[PDB]
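Coming up is one lone chain in structure tokens, specifically the form deposited in one PDB entry.
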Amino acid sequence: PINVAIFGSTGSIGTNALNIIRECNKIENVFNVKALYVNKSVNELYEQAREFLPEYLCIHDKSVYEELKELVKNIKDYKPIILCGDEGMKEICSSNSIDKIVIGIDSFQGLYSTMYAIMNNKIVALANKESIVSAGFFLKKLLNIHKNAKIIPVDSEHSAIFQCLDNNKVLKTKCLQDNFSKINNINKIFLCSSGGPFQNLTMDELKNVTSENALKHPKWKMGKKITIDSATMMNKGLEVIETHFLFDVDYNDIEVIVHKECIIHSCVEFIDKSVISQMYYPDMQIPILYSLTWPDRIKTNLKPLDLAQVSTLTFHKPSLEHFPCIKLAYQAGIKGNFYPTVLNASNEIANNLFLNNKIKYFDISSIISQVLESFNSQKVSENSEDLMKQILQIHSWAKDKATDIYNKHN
């Protein structure tokens, strides 16, 4: 019986997690939902709570804390531990009654619970790629300290890559650990992408796209922020850096491939040149589930892939000209240092502006490119808490600088 906590339980990853968990539990009782944690969604949490009845509830924003107790009151034969903020978050990570933590809080704020999940040597099922991109080297140092903690990727491409690996080797290492790719005989990664809605647009058509265009006909069901990143392929860029960090794969050996059917989720090339890939319908339930069952698999009632019906699969290289965010991610990644933290922060800002109709598509890459330009390598703090503050310092600087470039521009 696997004891599980969900951070960001009402988010797209959270709901998907609870769903596959509920379906797998009907087949055979395998998961116990021990803890749910949301940012500010108290009605939604209350309804998850009545259904899954975990031991811990945790709302972050402490204003609506007393209100949550008000709703959960009205659930009979049930009284869970109710917490707030990072004190709840921490109490939860340290509970011995919990083994795996799904991190479905999905921006730089998710770093804290990831950090605390690792510090308590848990299995961390991680869907927050921003934290690996911003804090990769930090997480790597923290993992070297917490020897029994494990990051299991949930981001679907990285889960794919991870599922293409021989657990006989994986178990000799772990994600975010130097030498991972050598021990797994990995030569190269095909990092597949839906391409987003703008793949077939000309340069001129591209210049004009809006957030409304970007949000139309989602190939996956997801939040607004990553939908914009998919549109610019900043999502893929970030995932290039995430790949580098999770699997210690050089940037020369990560190739982005546009696969519009969303069936092959990514592929691994091994040192003999054999390639192994993972396929399924575009559904987040598989990668979430595998992160909770690894190194095993369990039965689901999910619809089986019908390859004949799907019939065709296609692959092409994205144009860096049309998708310059991809180039910027590689550049920042290759330069290393805190350039990735800057990439991610400036993008939080450019992303949201474009989503809110404040700038144009190419303004997104221009702003980001200028903030990267204006940053100078810093000496990397040896001390772990110094490194944290440094990362926050640079992240907050990068956001402010991006906002400044937008504000000074007509």
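Take the two forms, find the largest set of C-alpha atoms that superpose within 1.5 Å, and that set is the rigid core. One rule holds for the numbers: they count along the sequence shown, beginning at 1.
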Averaged over C-alpha atoms, is the B-factor higher for 68 to 76 or for 196 to 204 in this PDB entry?
-> 68 to 76
As stated in the PDB record, which stretch has the larger average Cα B-factor, 248 to 256 or 210 to 218?
-> 210 to 218
Taking the values straight from the PDB record, which of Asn357, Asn351, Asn344, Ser63 has the highest C-alpha temperature factor?
-> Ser63
Of the residues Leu191, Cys84, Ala332, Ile298, the one carrying the largest Cα B-factor as recorded = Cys84
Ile364: which third of its chain by C-alpha temperature factor?
-> lowest
C-alpha B factor of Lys129, ranked within the chain: lowest, middle or highest third?
-> middle
Just say lowest, middle or highest third for the CA B-factor of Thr403 relative to the other modelled residues in its chain.
-> lowest
Of the three thirds of its chain by CA temperature factor, lowest, middle or highest, which one includes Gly104?
-> highest
Among all modelled residues of this chain, ranked by Cα B factor, put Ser97 in the bottom, middle or top third, i.e. lowest, middle or highest.
-> highest
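One more form of this protein should be noted, the form deposited in another entry, which is absent from this view; the next part is about it.
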Return yes or no for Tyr65: a CA shift of at least 2 Å between the shown form and the other one, with the rigid core superposed?
-> yes
C-alpha of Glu157 moved at least 2 Å between the shown form and the other one on rigid core | no
